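A.B. asks: Have a look at this fold, sequence not included:
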């Protein structure tokens, strides 16, 4: 939905919203991160040799 | 050599009348030129000085003479003049707030550096 | 001074050069590939 993760995390919230409108039930988003446990890390690291967000190996890697 | 040096007092025009082999008709239009040069140098010279101090060195002493060359300089009116234009130009080195141009060659240095590594 | 084999010089353009050009184009491809690969070993 952006360019990073395809995941959003939500919690149901009730909040008063005013412009001529009553109190609304909505879903308020909370930000997400990435992270894994050792088993997962092992397979992805050997398999990866792709270009990524950045690998890091040169100055030029950093511009991407 | 004298004009280049910055002298407007040992310049000579008397030595151009020693030949009268039609060098005698060039002096006519080289009493203009000496005047022109003093006047430009004075624009650079003063951040701002009094009218009185500057006219005796121009060798103008009538307001008509002041007006005539003042047009060329960009100076406004006759005894009144703005010598200040030229001085004003030096001062902008002070800025720092807009970085892109002020730093300079930001694109250039980066590009070559990236190739090398 | 002047070049020794003028029949070889006139003939060579059509002969050796034309044929070679294809072989060279592969050689160009191998040059870009090495760079990509070189950068890939670095990852």
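C.D. replies: Structure's in. What do you need? Numbers count the residues shown, from 1 in each chain, chains lettered A, B, ... in the order given.

A.B. asks: Only C-alpha atoms from now on, for both contacts and neighbour counts.
C.D. replies: OK.

A.B. asks: count of neighbours near the closest residue to residue B:17 other than its chain neighbours?
C.D. replies: Spatial nearest neighbour of residue B:17, chain neighbours left out: residue B:24 (5.6 Å); criterion: CA to CA, 6 or more residues apart in numbering or on different chains. Residue B:24 has 14 neighbours, counted by other CA atoms under 10 Å in any protein chain shown.

A.B. asks: helix or strand for residue B:24, which one?
C.D. replies: For residue B:24, there is no host helix or strand (DSSP states H and E).

A.B. asks: Tell me the spacing between it and residue A:51.
C.D. replies: Distance, residue B:24 to residue A:51, by CA to CA, to the nearest Å: 82 Å.

A.B. asks: One more: residue A:6?
C.D. replies: 19 Å.

A.B. asks: same thing with residue B:29?
C.D. replies: For residue B:29, the distance to residue A:51 - CA to CA - is 75 Å.

A.B. asks: Comparing those two, which residue is more hemmed in?
C.D. replies: It is residue A:51, of residue B:29 and residue A:51, that has more neighbours when counted by other CA under 10 Å, with 12 against 9.

A.B. asks: Doesn't the more buried one belong to a helix?
C.D. replies: No: Residue A:51: not assigned to a helix; according to DSSP: H, G, I helix; E, B strand; the rest coil it is coil.

A.B. asks: Name the surrounding residues that touch stretch C:29-43.
C.D. replies: For stretch C:29-43, contacts defined as CA atoms under 8 Å, 6 or more residues apart in numbering or on different chains pick out A:49, A:55-57.

A.B. asks: need those in a markdown table with secondary structure, neighbour count and distance to residue C:30, can you?
C.D. replies: As requested, the contacts of stretch C:29-43 are exported to a markdown table (DSSP: H, G, I helix; E, B strand; the rest coil; neighbours: other CA atoms under 10 Å in any protein chain shown; distance: CA to CA, whole Å):
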| residue | secondary structure | neighbour count | distance to residue C:30 |
| --- | --- | --- | --- |
| A:49 | coil | 13 | 21 |
| A:55 | coil | 15 | 24 |
| A:56 | coil | 14 | 25 |
| A:57 | coil | 14 | 22 |
